[PDB]
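final.cif follows; it contains mmCIF, C-alpha atoms.
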data_input
loop_
_atom_site.label_atom_id
_atom_site.label_comp_id
_atom_site.auth_asym_id
_atom_site.auth_seq_id
_atom_site.Cartn_x
_atom_site.Cartn_y
_atom_site.Cartn_z
CA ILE Y 1 0.00 0.00 0.00
CA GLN Y 2 1.12 3.56 -0.66
CA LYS Y 3 1.01 6.36 1.92
CA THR Y 4 0.98 10.07 1.03
CA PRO Y 5 3.80 11.91 2.88
CA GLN Y 6 3.21 14.00 6.01
CA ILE Y 7 5.17 17.23 5.54
CA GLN Y 8 5.81 19.79 8.26
CA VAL Y 9 8.14 22.80 8.16
CA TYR Y 10 9.55 24.46 11.27
CA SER Y 11 12.50 26.43 12.62
CA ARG Y 12 15.14 25.25 15.07
CA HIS Y 13 14.91 28.37 17.26
CA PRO Y 14 12.00 30.79 17.55
CA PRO Y 15 12.74 33.08 14.60
CA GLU Y 16 14.25 36.46 15.43
CA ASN Y 17 15.55 38.65 12.62
CA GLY Y 18 19.34 38.86 12.76
CA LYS Y 19 20.06 35.40 14.23
CA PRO Y 20 21.24 32.20 12.52
CA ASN Y 21 18.87 29.26 12.50
CA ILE Y 22 17.98 25.96 10.86
CA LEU Y 23 14.91 25.56 8.67
CA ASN Y 24 13.50 22.03 8.86
CA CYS Y 25 11.21 20.08 6.51
CA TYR Y 26 10.13 16.82 8.14
CA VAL Y 27 8.57 14.29 5.76
CA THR Y 28 7.13 11.14 7.33
CA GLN Y 29 4.68 8.27 6.99
CA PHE Y 30 5.23 7.64 3.30
CA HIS Y 31 5.73 4.59 1.08
CA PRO Y 32 7.36 3.82 -1.41
CA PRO Y 33 10.66 5.51 -0.47
CA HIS Y 34 11.21 7.27 -3.81
CA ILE Y 35 10.52 10.93 -3.00
CA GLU Y 36 11.80 14.34 -4.10
CA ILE Y 37 12.13 17.24 -1.65
CA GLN Y 38 13.11 20.85 -2.28
CA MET Y 39 13.09 23.81 0.10
CA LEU Y 40 12.07 27.19 -1.30
CA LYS Y 41 13.01 30.78 -0.45
CA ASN Y 42 10.50 33.19 -2.02
CA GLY Y 43 9.79 30.74 -4.84
CA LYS Y 44 13.48 30.17 -5.57
CA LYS Y 45 14.81 26.79 -4.49
CA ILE Y 46 17.47 26.85 -1.77
CA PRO Y 47 20.78 25.26 -2.87
CA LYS Y 48 22.97 23.20 -0.54
CA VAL Y 49 20.15 21.57 1.43
CA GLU Y 50 21.72 18.98 3.74
CA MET Y 51 19.19 16.14 3.95
CA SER Y 52 18.98 13.21 6.35
CA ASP Y 53 19.63 9.63 5.45
CA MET Y 54 16.40 7.68 5.15
CA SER Y 55 15.29 5.28 7.87
CA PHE Y 56 11.81 3.99 8.66
CA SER Y 57 9.52 4.10 11.67
CA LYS Y 58 8.14 1.24 13.78
CA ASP Y 59 5.09 1.06 11.49
CA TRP Y 60 7.55 0.52 8.56
CA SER Y 61 6.63 3.84 6.91
CA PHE Y 62 9.55 5.96 5.75
CA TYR Y 63 10.65 9.36 7.03
CA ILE Y 64 13.35 11.80 5.97
CA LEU Y 65 14.54 15.15 7.35
CA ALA Y 66 15.37 18.16 5.17
CA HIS Y 67 17.13 21.09 6.79
CA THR Y 68 19.27 24.12 5.98
CA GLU Y 69 20.89 26.83 8.05
CA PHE Y 70 19.40 30.25 7.47
CA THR Y 71 18.88 33.72 8.91
CA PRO Y 72 15.15 34.56 8.75
CA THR Y 73 13.85 37.92 7.55
CA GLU Y 74 10.32 39.18 8.15
CA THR Y 75 9.39 39.86 4.51
CA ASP Y 76 10.68 36.59 3.01
CA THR Y 77 8.74 33.32 2.98
CA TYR Y 78 10.23 29.82 2.94
CA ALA Y 79 8.51 26.67 1.70
CA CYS Y 80 9.03 22.95 1.13
CA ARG Y 81 7.91 21.24 -2.10
CA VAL Y 82 7.58 17.44 -2.11
CA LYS Y 83 7.15 14.99 -5.01
CA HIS Y 84 5.67 11.54 -4.40
CA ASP Y 85 3.81 8.93 -6.44
CA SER Y 86 0.77 8.93 -4.14
CA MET Y 87 0.10 12.61 -4.96
CA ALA Y 88 -1.14 13.98 -8.29
CA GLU Y 89 0.99 17.14 -8.26
CA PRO Y 90 3.80 18.27 -5.93
CA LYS Y 91 2.66 19.51 -2.51
CA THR Y 92 4.18 22.69 -1.04
CA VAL Y 93 4.12 23.60 2.66
CA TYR Y 94 4.96 27.11 3.85
CA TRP Y 95 6.86 27.82 7.04
CA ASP Y 96 5.00 30.05 9.47
CA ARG Y 97 6.64 31.50 12.56
CA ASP Y 98 3.39 30.83 14.44
CA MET Y 99 2.83 27.22 15.37
CA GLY C 1 20.81 3.61 32.06
CA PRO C 2 19.03 1.62 29.34
CA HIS C 3 20.63 1.25 25.92
CA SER C 4 19.85 -0.27 22.54
CA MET C 5 21.10 -0.99 19.02
CA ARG C 6 19.17 -1.38 15.77
CA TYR C 7 19.84 -2.11 12.10
CA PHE C 8 17.25 -0.92 9.55
CA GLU C 9 17.92 -2.70 6.26
CA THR C 10 15.87 -1.83 3.17
CA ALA C 11 15.80 -3.25 -0.36
CA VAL C 12 13.68 -1.75 -3.15
CA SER C 13 13.27 -3.20 -6.62
CA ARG C 14 12.12 -0.69 -9.22
CA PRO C 15 10.78 -1.19 -12.75
CA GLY C 16 13.75 -0.04 -14.79
CA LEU C 17 16.85 -1.58 -13.20
CA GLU C 18 18.08 -5.13 -12.78
CA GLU C 19 19.35 -5.26 -9.19
CA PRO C 20 17.39 -3.67 -6.32
CA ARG C 21 18.83 -0.82 -4.27
CA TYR C 22 19.91 -1.87 -0.78
CA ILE C 23 20.45 0.42 2.21
CA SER C 24 21.46 -0.50 5.77
CA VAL C 25 21.49 2.01 8.64
CA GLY C 26 22.75 1.37 12.17
CA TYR C 27 21.64 3.10 15.37
CA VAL C 28 23.27 3.24 18.80
CA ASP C 29 20.88 4.66 21.41
CA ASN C 30 18.53 5.82 18.65
CA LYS C 31 21.37 7.74 16.99
CA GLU C 32 22.81 6.85 13.59
CA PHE C 33 26.41 5.69 13.68
CA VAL C 34 27.07 3.74 10.42
CA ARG C 35 25.54 3.22 6.97
CA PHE C 36 25.79 1.18 3.76
CA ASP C 37 24.38 2.08 0.34
CA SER C 38 24.69 0.06 -2.87
CA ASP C 39 24.17 3.29 -4.86
CA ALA C 40 27.40 4.84 -3.55
CA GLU C 41 30.78 5.61 -5.18
CA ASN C 42 31.57 1.98 -4.59
CA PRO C 43 29.35 0.72 -1.74
CA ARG C 44 30.84 0.28 1.72
CA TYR C 45 30.07 0.82 5.40
CA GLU C 46 30.94 4.38 6.32
CA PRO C 47 30.83 5.92 9.80
CA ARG C 48 28.02 8.41 10.43
CA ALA C 49 29.10 9.36 13.96
CA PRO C 50 31.93 11.39 15.52
CA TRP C 51 32.94 8.64 17.98
CA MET C 52 32.80 5.82 15.40
CA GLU C 53 35.74 7.10 13.34
CA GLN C 54 38.25 5.20 15.51
CA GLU C 55 37.35 1.72 14.25
CA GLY C 56 40.02 -0.47 12.72
CA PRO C 57 40.37 -1.01 8.98
CA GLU C 58 39.59 -4.70 9.51
CA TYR C 59 36.26 -3.67 11.04
CA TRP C 60 34.89 -1.95 7.93
CA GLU C 61 36.10 -4.79 5.69
CA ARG C 62 34.09 -7.44 7.54
CA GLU C 63 31.03 -5.18 7.81
CA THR C 64 31.12 -4.27 4.12
CA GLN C 65 31.55 -7.93 3.20
CA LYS C 66 28.47 -8.73 5.29
CA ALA C 67 26.44 -6.00 3.58
CA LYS C 68 27.26 -7.51 0.19
CA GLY C 69 25.86 -10.76 1.60
CA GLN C 70 22.64 -9.19 2.87
CA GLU C 71 22.28 -7.43 -0.50
CA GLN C 72 22.23 -10.78 -2.33
CA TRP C 73 20.00 -12.28 0.38
CA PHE C 74 17.52 -9.46 -0.22
CA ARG C 75 17.78 -9.91 -4.00
CA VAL C 76 16.78 -13.59 -3.87
CA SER C 77 13.95 -13.20 -1.36
CA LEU C 78 12.53 -10.26 -3.34
CA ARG C 79 12.31 -12.65 -6.29
CA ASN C 80 10.86 -15.35 -4.03
CA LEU C 81 8.16 -13.00 -2.77
CA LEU C 82 6.85 -12.14 -6.25
CA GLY C 83 5.82 -15.78 -6.57
CA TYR C 84 4.34 -16.05 -3.08
CA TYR C 85 1.96 -13.18 -3.95
CA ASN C 86 1.48 -13.87 -7.70
CA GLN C 87 2.83 -10.48 -8.72
CA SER C 88 4.34 -9.81 -12.12
CA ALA C 89 6.95 -7.40 -13.39
CA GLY C 90 6.16 -3.69 -13.65
CA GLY C 91 5.88 -2.67 -10.00
CA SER C 92 8.03 -1.51 -7.11
CA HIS C 93 8.46 -3.66 -4.03
CA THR C 94 10.13 -3.28 -0.64
CA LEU C 95 11.63 -5.81 1.72
CA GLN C 96 12.55 -4.33 5.10
CA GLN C 97 14.38 -5.82 8.05
CA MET C 98 14.72 -4.53 11.61
CA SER C 99 17.05 -6.29 14.03
CA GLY C 100 18.56 -5.25 17.32
CA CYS C 101 19.06 -5.68 21.04
CA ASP C 102 17.54 -3.80 23.97
CA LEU C 103 19.75 -4.20 27.02
CA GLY C 104 19.29 -2.84 30.51
CA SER C 105 21.23 -1.29 33.35
CA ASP C 106 22.85 -4.62 34.26
CA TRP C 107 24.24 -4.68 30.67
CA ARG C 108 22.35 -7.92 29.94
CA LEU C 109 19.85 -8.43 27.14
CA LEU C 110 16.20 -7.60 27.84
CA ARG C 111 14.68 -8.33 24.43
CA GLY C 112 16.06 -8.90 20.96
CA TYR C 113 14.28 -8.04 17.72
CA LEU C 114 14.20 -9.71 14.32
CA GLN C 115 11.33 -8.60 12.08
CA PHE C 116 10.64 -8.39 8.35
CA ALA C 117 8.09 -6.48 6.29
CA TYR C 118 7.05 -6.74 2.65
CA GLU C 119 5.40 -3.80 0.89
CA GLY C 120 5.51 -1.90 4.18
CA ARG C 121 3.29 -4.52 5.89
CA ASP C 122 4.40 -7.05 8.51
CA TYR C 123 5.65 -10.34 7.06
CA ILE C 124 7.42 -12.50 9.69
CA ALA C 125 8.91 -11.78 13.09
CA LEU C 126 10.94 -13.54 15.76
CA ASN C 127 8.94 -13.56 18.99
CA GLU C 128 10.22 -12.43 22.39
CA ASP C 129 11.36 -15.97 23.22
CA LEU C 130 13.73 -15.97 20.19
CA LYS C 131 12.57 -19.53 19.40
CA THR C 132 9.25 -19.23 17.51
CA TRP C 133 8.08 -17.16 14.56
CA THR C 134 5.00 -15.01 13.99
CA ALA C 135 3.60 -14.91 10.45
CA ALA C 136 0.37 -13.21 9.34
CA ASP C 137 -0.13 -13.79 5.61
CA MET C 138 -0.59 -17.30 4.26
CA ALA C 139 2.34 -16.51 1.95
CA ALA C 140 4.51 -16.10 5.05
CA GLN C 141 3.55 -19.62 6.15
CA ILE C 142 5.87 -21.10 3.50
CA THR C 143 8.67 -19.02 5.03
CA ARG C 144 7.94 -19.90 8.67
CA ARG C 145 7.80 -23.59 7.78
CA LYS C 146 11.11 -23.19 5.95
CA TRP C 147 12.91 -21.30 8.71
CA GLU C 148 11.64 -23.37 11.64
CA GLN C 149 12.75 -26.49 9.74
CA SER C 150 16.20 -24.98 9.04
CA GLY C 151 16.88 -23.62 12.54
CA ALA C 152 16.85 -19.92 11.66
CA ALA C 153 15.57 -18.83 15.08
CA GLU C 154 18.49 -20.43 16.91
CA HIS C 155 20.96 -18.66 14.61
CA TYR C 156 19.33 -15.26 15.07
CA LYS C 157 19.12 -15.95 18.80
CA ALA C 158 22.89 -16.49 18.80
CA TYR C 159 23.43 -13.07 17.21
CA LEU C 160 21.01 -11.18 19.46
CA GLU C 161 22.30 -12.75 22.67
CA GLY C 162 25.94 -12.77 21.53
CA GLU C 163 27.36 -10.41 18.91
CA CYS C 164 24.67 -7.76 19.38
CA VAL C 165 24.91 -7.16 23.14
CA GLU C 166 28.69 -7.57 23.06
CA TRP C 167 29.44 -5.01 20.36
CA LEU C 168 26.91 -2.41 21.52
CA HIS C 169 28.83 -2.40 24.79
CA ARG C 170 32.08 -1.78 22.90
CA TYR C 171 30.47 1.08 20.97
CA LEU C 172 29.18 2.78 24.12
CA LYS C 173 32.59 2.59 25.85
CA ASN C 174 33.85 4.96 23.11
CA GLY C 175 31.61 7.97 23.77
CA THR C 182 21.34 14.56 27.94
CA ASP C 183 19.85 17.97 27.10
CA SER C 184 16.67 19.13 28.91
CA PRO C 185 13.99 21.19 27.16
CA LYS C 186 13.62 24.96 27.27
CA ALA C 187 9.91 25.70 26.92
CA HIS C 188 7.76 28.63 25.80
CA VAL C 189 4.04 29.26 25.22
CA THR C 190 2.53 31.07 22.22
CA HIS C 191 -0.20 33.55 23.19
CA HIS C 192 -1.71 34.27 19.76
CA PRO C 193 -5.54 34.50 19.92
CA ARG C 194 -7.64 33.24 17.03
CA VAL C 199 -7.80 32.08 21.91
CA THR C 200 -5.83 28.83 21.64
CA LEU C 201 -2.73 28.08 23.70
CA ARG C 202 0.35 26.21 22.48
CA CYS C 203 3.10 24.83 24.72
CA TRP C 204 6.47 24.48 22.97
CA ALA C 205 9.29 22.20 24.16
CA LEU C 206 12.57 22.83 22.36
CA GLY C 207 16.19 21.71 22.38
CA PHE C 208 15.94 18.45 24.32
CA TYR C 209 17.65 15.08 23.90
CA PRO C 210 16.62 12.29 23.92
CA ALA C 211 13.17 12.47 22.31
CA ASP C 212 11.67 11.18 25.59
CA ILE C 213 9.25 14.07 26.18
CA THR C 214 5.72 14.34 27.57
CA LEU C 215 3.59 17.50 27.62
CA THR C 216 0.26 17.94 29.30
CA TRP C 217 -2.41 20.54 29.84
CA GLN C 218 -4.12 20.69 33.25
CA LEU C 219 -5.07 24.06 34.69
CA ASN C 220 -7.79 22.51 36.82
CA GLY C 221 -5.59 19.65 37.90
CA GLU C 222 -7.15 17.24 35.36
CA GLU C 223 -5.45 16.02 32.17
CA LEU C 224 -7.07 16.82 28.85
CA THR C 225 -7.73 14.74 25.75
CA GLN C 226 -10.90 16.43 24.44
CA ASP C 227 -9.33 18.27 21.49
CA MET C 228 -5.78 18.85 22.89
CA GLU C 229 -4.05 18.68 19.52
CA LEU C 230 -0.48 17.37 19.68
CA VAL C 231 2.39 16.77 17.29
CA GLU C 232 4.79 13.88 17.74
CA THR C 233 8.41 14.60 18.59
CA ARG C 234 10.40 15.72 15.55
CA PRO C 235 14.11 16.40 15.03
CA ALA C 236 15.62 19.84 14.97
CA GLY C 237 18.45 20.36 12.51
CA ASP C 238 20.94 19.00 15.06
CA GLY C 239 20.93 16.25 17.67
CA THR C 240 17.93 17.71 19.52
CA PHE C 241 14.16 17.45 19.19
CA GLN C 242 11.08 19.63 19.65
CA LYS C 243 7.37 19.21 20.34
CA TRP C 244 4.32 21.40 20.99
CA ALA C 245 0.82 20.81 22.35
CA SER C 246 -2.47 22.63 21.76
CA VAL C 247 -5.72 23.43 23.56
CA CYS C 259 1.76 23.08 31.07
CA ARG C 260 3.75 20.34 32.79
CA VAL C 261 6.71 19.08 30.72
CA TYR C 262 8.16 15.67 31.63
CA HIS C 263 11.65 14.75 30.46
CA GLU C 264 14.30 12.20 31.41
CA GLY C 265 16.80 15.02 31.92
CA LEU C 266 14.43 17.01 34.13
CA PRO C 267 14.74 16.53 37.91
CA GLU C 268 11.21 17.96 38.18
CA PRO C 269 8.63 18.45 35.40
CA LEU C 270 8.42 22.03 34.17
CA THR C 271 5.56 24.46 34.85
CA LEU C 272 4.68 27.29 32.46
CA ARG C 273 1.50 29.24 31.70
CA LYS O 1 27.65 -5.17 14.30
CA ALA O 2 25.23 -5.84 11.46
CA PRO O 3 23.34 -9.15 11.45
CA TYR O 4 23.62 -11.76 8.69
CA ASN O 5 20.61 -13.76 7.54
CA UNK O 6 20.66 -17.53 6.86
CA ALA O 7 17.82 -18.96 4.78
CA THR O 8 16.06 -16.77 2.23
CA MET O 9 12.31 -16.28 2.16
#

Rendering of file as C-alpha cells:
Amino acid sequence: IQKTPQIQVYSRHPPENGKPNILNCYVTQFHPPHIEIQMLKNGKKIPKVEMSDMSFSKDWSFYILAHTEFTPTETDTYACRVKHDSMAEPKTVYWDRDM
Amino acid sequence: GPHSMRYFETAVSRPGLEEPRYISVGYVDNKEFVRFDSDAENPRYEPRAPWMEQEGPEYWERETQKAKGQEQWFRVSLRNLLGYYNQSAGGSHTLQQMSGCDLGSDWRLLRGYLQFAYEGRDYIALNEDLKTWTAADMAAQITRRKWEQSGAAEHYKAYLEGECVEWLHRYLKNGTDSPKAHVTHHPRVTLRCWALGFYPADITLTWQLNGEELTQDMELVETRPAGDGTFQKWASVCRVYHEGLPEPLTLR
Amino acid sequence: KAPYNXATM
C-alpha cells in the first residue's frame, strides 16, 4: 500500500531577525521511499540543502529530514515542495513563525 | 541507564533496473552511527558518527563484506516473494528488516528483535522468546515452515544474545539535554506549549489548569528532530516531563 | 555489528 507523505516545516529556534537558525522540513509516513524534496526561499529553491539519510519508523513507513541553516527575515517566505507517487501534483508547505 | 542498538535494512526493486537498491542504517541509542548504500561511489560501510571514526580497517572490511551478503540475500527473497503473492513485473516492491538488542542497566539483554516487512506490511517476526516465529499472511507460512525447519531462530538468537549485546557495549565505551519551553499567546484564543532543544526524544507534555489532564481536542504533534541532535514538540488546547528534568516544568 | 541472515524467504 502507498502512503501520502506527512510534511511539516519548522525552525530550530523561535525566529528572530538577525540570528542564525535551521529551517527544517520533516517528511514522514510515506511509502514507497522514492521521493523528491526541495526547500524554497520566495519561490526560488534553496541550494545546498543537507538532507537526512532515510530510515523507517516502527510502522515501517519511511521518514526523511530536510534542513538548511538560514537567517530569517520578516518579509521573506520559505517553503518545502515534495514529489511523491501517491500525490497527483507536488505539494508545497509554507513555514509560518506561528505554530 | 538503558541502551539499545538497531539495524534498519531496506531493499527496493524498481521497474527499470536489474538489481534492487539496498540500504542498511545502524543506530546506537537511537542515533545513527554507520551506513551502507549500494548506490554509492563503490558501496561500503561508512561511519556516520563522531565517535565511530576510531574503528580499525579490519572492522569496515568485515562489515562491508556482510552488507554484500545481505544485499544478495535481499535480492533472492525479493524474487521469491513475487511468486508467493502472484505479482508480475512492472511494480516496485520493498523488503525491510529490523534487528537489534535492547539491554538494561545490568548490561544484559532484555529483548532482541528480528522482524521483516514486505510492501511496508508485517511479514514475519521472531517472537520475544527468540525460538518461535509469527507470520500473518498465508504466503509467510511457507517461510515460517522453511525457517523453523532450518533452525533460523536459533541462529538469530545467537546473534542477538551474543554479537549484538557484546558489540553495543564496545560502541558505548567509546563515547542529555533538557527542554527549554515557551508558550505562544496568539488568539484566534488557543494556547500552544512548545518544548525545544531536548535530547533524547523522551518528552511528555500535558495541559491541566484545573488539575485534570485533557484529551478532548488537545491537539499534539509527535516529537520531531531539529536540525541538530535535539528534538522539539508542541501541544495545543503546562507540565513538561523529560528524562533530563529533575522535576517536570511548569509554564502558563 | 550488522546481522547476517541464513535462509532466504

TODO: Given the file shown, determine the residues that the PyMOL selection byres ((chain Y) within 7 of (chain C)) selects; report them as a ChimeraX atom specification.
DONE: /Y:1,12,22,24,55,60-61,67

Do you have, as a Markdown table, the list of residues of chain C lying at most 10 Å from chain O, each with its nearest atom pair and that distance in Å to one decimal, counting all atoms listed in the file and ordered by chain then number?
| residue | atom | partner | partner_atom | distance |
| --- | --- | --- | --- | --- |
| C:5 | CA | O:1 | CA | 9.1 |
| C:6 | CA | O:2 | CA | 8.7 |
| C:7 | CA | O:2 | CA | 6.6 |
| C:8 | CA | O:2 | CA | 9.6 |
| C:9 | CA | O:2 | CA | 9.5 |
| C:24 | CA | O:2 | CA | 8.7 |
| C:25 | CA | O:2 | CA | 9.1 |
| C:26 | CA | O:2 | CA | 7.7 |
| C:34 | CA | O:1 | CA | 9.7 |
| C:59 | CA | O:1 | CA | 9.3 |
| C:62 | CA | O:1 | CA | 9.6 |
| C:63 | CA | O:2 | CA | 6.9 |
| C:64 | CA | O:2 | CA | 9.5 |
| C:66 | CA | O:4 | CA | 6.7 |
| C:67 | CA | O:2 | CA | 8.0 |
| C:69 | CA | O:4 | CA | 7.5 |
| C:70 | CA | O:4 | CA | 6.4 |
| C:72 | CA | O:8 | CA | 9.7 |
| C:73 | CA | O:8 | CA | 6.3 |
| C:74 | CA | O:8 | CA | 7.8 |
| C:75 | CA | O:8 | CA | 9.4 |
| C:76 | CA | O:8 | CA | 6.9 |
| C:77 | CA | O:9 | CA | 5.0 |
| C:78 | CA | O:9 | CA | 8.2 |
| C:79 | CA | O:9 | CA | 9.2 |
| C:80 | CA | O:9 | CA | 6.4 |
| C:81 | CA | O:9 | CA | 7.2 |
| C:84 | CA | O:9 | CA | 9.5 |
| C:98 | CA | O:3 | CA | 9.8 |
| C:99 | CA | O:3 | CA | 7.4 |
| C:100 | CA | O:3 | CA | 8.5 |
| C:114 | CA | O:3 | CA | 9.6 |
| C:124 | CA | O:9 | CA | 9.7 |
| C:139 | CA | O:9 | CA | 10.0 |
| C:140 | CA | O:9 | CA | 8.3 |
| C:142 | CA | O:9 | CA | 8.2 |
| C:143 | CA | O:9 | CA | 5.4 |
| C:144 | CA | O:9 | CA | 8.6 |
| C:146 | CA | O:9 | CA | 8.0 |
| C:147 | CA | O:7 | CA | 6.7 |
| C:150 | CA | O:7 | CA | 7.6 |
| C:151 | CA | O:7 | CA | 9.1 |
| C:152 | CA | O:6 | CA | 6.6 |
| C:153 | CA | O:6 | CA | 9.8 |
| C:155 | CA | O:6 | CA | 7.8 |
| C:156 | CA | O:5 | CA | 7.8 |
| C:159 | CA | O:3 | CA | 7.0 |
| C:160 | CA | O:3 | CA | 8.6 |
| C:163 | CA | O:1 | CA | 7.0 |
| C:164 | CA | O:1 | CA | 6.4 |
| C:165 | CA | O:1 | CA | 9.5 |
| C:166 | CA | O:1 | CA | 9.1 |
| C:167 | CA | O:1 | CA | 6.3 |
| C:168 | CA | O:1 | CA | 7.8 |
| C:171 | CA | O:1 | CA | 9.6 |

TODO: Quick one: apply the PyMOL selection byres ((chain Y and resi 82) around 10) to the file and drop the selected residues here as a ChimeraX atom specification.
DONE: /Y:5-7,25,27,35-39,80-81,83-84,87,89-93

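Using all atoms listed in the file, the protein and nucleic acid residues lying no more than 6 Å from range 103-110 of chain C, apart from those fewer than 4 places from it along its own chain, are residues 1, 2, 3 and 4 of chain C.
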
Open item on the list: Please report the interatomic distance between CA of residue 71 in chain Y and CA of residue 98 in chain Y in Å with one decimal.
Closed with: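 Here the two named atoms are 16.7 Å from each other.
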
Task: CA of residue 125 in chain C to CA of residue 172 in chain C, straight-line distance in Å - done: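 Straight-line distance from CA of residue 172 in chain C to CA of residue 125 in chain C works out to 27.3 Å.
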
Task: Interatomic distance (Å, one decimal) between CA of residue 138 in chain C and CA of residue 88 in chain C - done: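 We find that CA of residue 138 in chain C and CA of residue 88 in chain C lie 18.7 Å from each other.
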
- [ ] Would you list the contacts of residue 208 in chain C as a list in words, taking every protein, DNA or RNA residue within 9 Å and counting all atoms listed in the file, but skipping same-chain residues closer than 2 positions in sequence?
- [x]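 Here the answer would be residues 182, 183, 184, 185, 186, 205, 206, 210, 211, 212, 213, 239, 240, 241, 242, 263 and 265 of chain C.
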
TODO: Could you list the residues chosen by the PyMOL selection byres ((chain Y and resi 42) around 7) in this structure as a ChimeraX atom specification?
DONE: /Y:40-41,43-44,76-78

Once 6 Å is added on each side, what centre and edge lengths in Å to one decimal does the axis-aligned box around all listed atoms of range 173-190 of chain C have, as AutoDock Vina command-line options?
--center_x 18.2 --center_y 16.8 --center_z 25.6 --size_x 43.3 --size_y 40.5 --size_z 18.7

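When the distance limit is 8 Å and only C-alpha atoms are what count, the residues near residue 3 in chain Y, minus those fewer than 5 positions from it on the same chain, are residues 29, 30, 31, 32, 61 and 86 of chain Y.
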